[PDB]
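Asks: Following this message is one structure expressed as structure tokens.
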């Protein structure tokens, strides 16, 4: 029964590829991916937090960005909150997670198919991404 809030940031440039995250060398059946993230307790707002996590993570420069749509979840007795701010383009290796590598996937518009069930509120929008 505690409040948990993370802070992730996805990147997308080159042509239409994102720096997402997938099963490095594990997973059981089918492929599964998710969104980066780390923590949102060092910022005071939904921007000060990531905005500063911009250079305080990987250190890109022309990583223009904006807010797409943050979702909200709730467990049988817990509180799962997360944010979804997609960027547009940068010059350098982007950041996001820490124990997760991540990779530049080039498809067209990620959908809920490759996105494991649990992020329907935002993935639904990324469907036409």
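Looking at the header, which is where the method is noted, we find solution NMR.
Cβ from N, Cα, C; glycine included.
Annotation comment: Swiss-Prot describes 23, 28, 34, 35, 36, 37, 119 as 8-oxo-dGTP binding site, evidence class a curator's inference. Residues or ranges marked as Mg(2+) binding site in Swiss-Prot: 37, 57. According to Swiss-Prot, the feature domain 'Nudix hydrolase' maps to 1-129. The motif 'Nudix box' annotation in Swiss-Prot covers 38-59 and rests on sequence analysis.
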Asks: Report the same-chain neighbours of residue 34 (8-oxo-dGTP binding site): residues 6+ apart in sequence with Cβ closer than 8 Å to its Cβ, ordered by sequence.
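Replies: Listed in sequence order: 20, 21, 115, 116, 119.
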Asks: Counting only residues 6 or more past its boundaries, what in the same chain has a CB within less than 8 Å of a CB in the motif 'Nudix box' (38-59)?
Replies: 5-9, 65, 67, 70, 83, 85, 92-98
Asks: Three-state secondary structure of residue 28 (8-oxo-dGTP binding site) from DSSP?
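Replies: Looking at the DSSP assignment, residue 28 (8-oxo-dGTP binding site) belongs to neither helix nor strand, so coil.
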Asks: What does the DSSP secondary structure composition of the domain 'Nudix hydrolase' (1-129) look like, as residue counts for helix, strand and coil?
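Replies: Within the domain 'Nudix hydrolase' (1-129) the tally stands at 15 helix, 30 strand, 84 coil.
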Asks: Can you grab the distance from residue 28 (8-oxo-dGTP binding site) over to residue 57 (Mg(2+) binding site)? Cα atoms, rounded to a whole Å.
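Replies: Distance (Cα to Cα, whole Å): 30 Å.
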Asks: Please identify which of 23, 28 has the densest Cβ environment, defined as other Cβ atoms within 10 Å, among these binding-site residues.
Replies: 23
Asks: Using a 10 Å radius around its CB, how many other CB atoms surround residue 35 (8-oxo-dGTP binding site)?
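Replies: Excluding its own Cβ, the number within 10 Å is 24.
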Asks: Do any residues at least six apart in sequence from residue 57 (Mg(2+) binding site), in the same chain, have a Cβ closer than 8 Å to its Cβ, and if so which, in order?
Replies: 9, 38, 95, 96
Asks: Compute all pairwise C-alpha distances among 23, 28, 34, 35, 36, 37, 119, the residues listed as binding 8-oxo-dGTP, and give the largest one in whole angstrom.
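Replies: Binding-site diameter by Cα atoms for 8-oxo-dGTP: 23 Å.
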